[PDB]
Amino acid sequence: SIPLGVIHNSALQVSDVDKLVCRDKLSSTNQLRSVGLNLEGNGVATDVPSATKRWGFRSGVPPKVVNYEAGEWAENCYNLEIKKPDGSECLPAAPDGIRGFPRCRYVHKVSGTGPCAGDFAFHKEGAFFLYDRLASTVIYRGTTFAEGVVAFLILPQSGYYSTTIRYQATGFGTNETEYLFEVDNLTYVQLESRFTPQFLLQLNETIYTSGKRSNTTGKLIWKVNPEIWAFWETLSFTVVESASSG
């Protein structure tokens, strides 16, 4: 059955209602809580190339939604808008009443294309996509989510800032996927797994503050050369339209 978290002897333990002694008192449903916990807290890689490999398309499995009452402030969230090469949408529109995750420091918005060989996009490790107090087994189009898992417990009786980071993708959800961090509609940077959100923000600031944006109508793509842990515990520009940035 679904496990239940109860504190005994100053330690959190799993014990369902059938395994409770008479000393345990449940005086109202208010003591019962459903909570959502972010995969970030377990040390998973939260960069866009790593996160997307954890998601895949599948058919024949109906989506399911379960609610939770309280969640964790996230550092990294994701907002996907993916189409097939012929232009058809890959992800379903968000059902009525399903809003994005309410607390994200960085929202990684990804627009791109891929084969999308499946009706719905699931989590390959079995985790959930956390929306506003609703957890789904599938990804919804254009809706901010955090990867996470749900717990159920018996209880014993700085402002909010969000920054959007935009990416372009080709061959999404495949063994050969390419990403570009977007500075504007015509200026892009080739993206690597090492690039933290703070590094991307400072890269964007540097490019703007001294004039590396595309001054033509063509697509200017930069590159950060290789010469350049957990979030809670912590240059020269040349053009070779590809380019380089030591």
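A residue's number is simply how far along the shown sequence it sits, counting from 1.
Novice: Check the entry and tell me how many residues of the deposited sequence have no coordinates between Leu20 and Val21: none, 1 to 3, 4 to 9, or 10 or more.
Specialist: In the record, the chain runs straight from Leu20 to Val21 with none unmodelled.
Novice: Please classify the coordinate gap between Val240 and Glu241 in terms of deposited residues: none, 1 to 3, 4 to 9, or 10 or more.
Specialist: A long stretch, 10 or more residues, is missing between them.
Novice: Can you let me know which of the two, 111 to 119 or 144 to 152, has the higher average C-alpha B-factor in the entry?
Specialist: Mean C-alpha B-factor is greater for 111 to 119.
Novice: On average, are the C-alpha B-factors higher in 102 to 110 or in 158 to 166?
Specialist: The stretch with the larger mean CA B-factor is 158 to 166.
Novice: Which of these, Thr46, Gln202, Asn38, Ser28, has its C-alpha atom at the highest B-factor, as the entry lists it?
Specialist: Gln202 has the highest C-alpha B-factor of those listed.
Novice: Pick out which of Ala70, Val65, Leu186, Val61 has the highest C-alpha B-factor in the PDB entry.
Specialist: By C-alpha B-factor in the record, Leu186 ranks first.
Novice: Should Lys212 be placed in the lowest, middle or highest third of its chain by the C-alpha B factor in the entry?
Specialist: Its C-alpha B-factor belongs to the highest third of this chain's values.
Novice: Could you look up the Cα B-factor of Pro3 in the entry and say which third of the chain it sits in: lowest, middle or highest?
Specialist: Lowest third.
Novice: Which third, lowest, middle or highest, does the C-alpha temperature factor of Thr174 belong to within its own chain?
Specialist: Tercile = highest for this residue's CA B-factor.
Novice: Hey, what third does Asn42 fall into on Cα B-factor, ranked over its chain?
Specialist: Lowest third of the chain for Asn42's C-alpha B-factor.
Novice: For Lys219, does the deposited CA B-factor place it in the lowest, middle or highest third of the chain?
Specialist: Within its chain, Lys219 is a highest-third residue by C-alpha B-factor, going by the deposited values.
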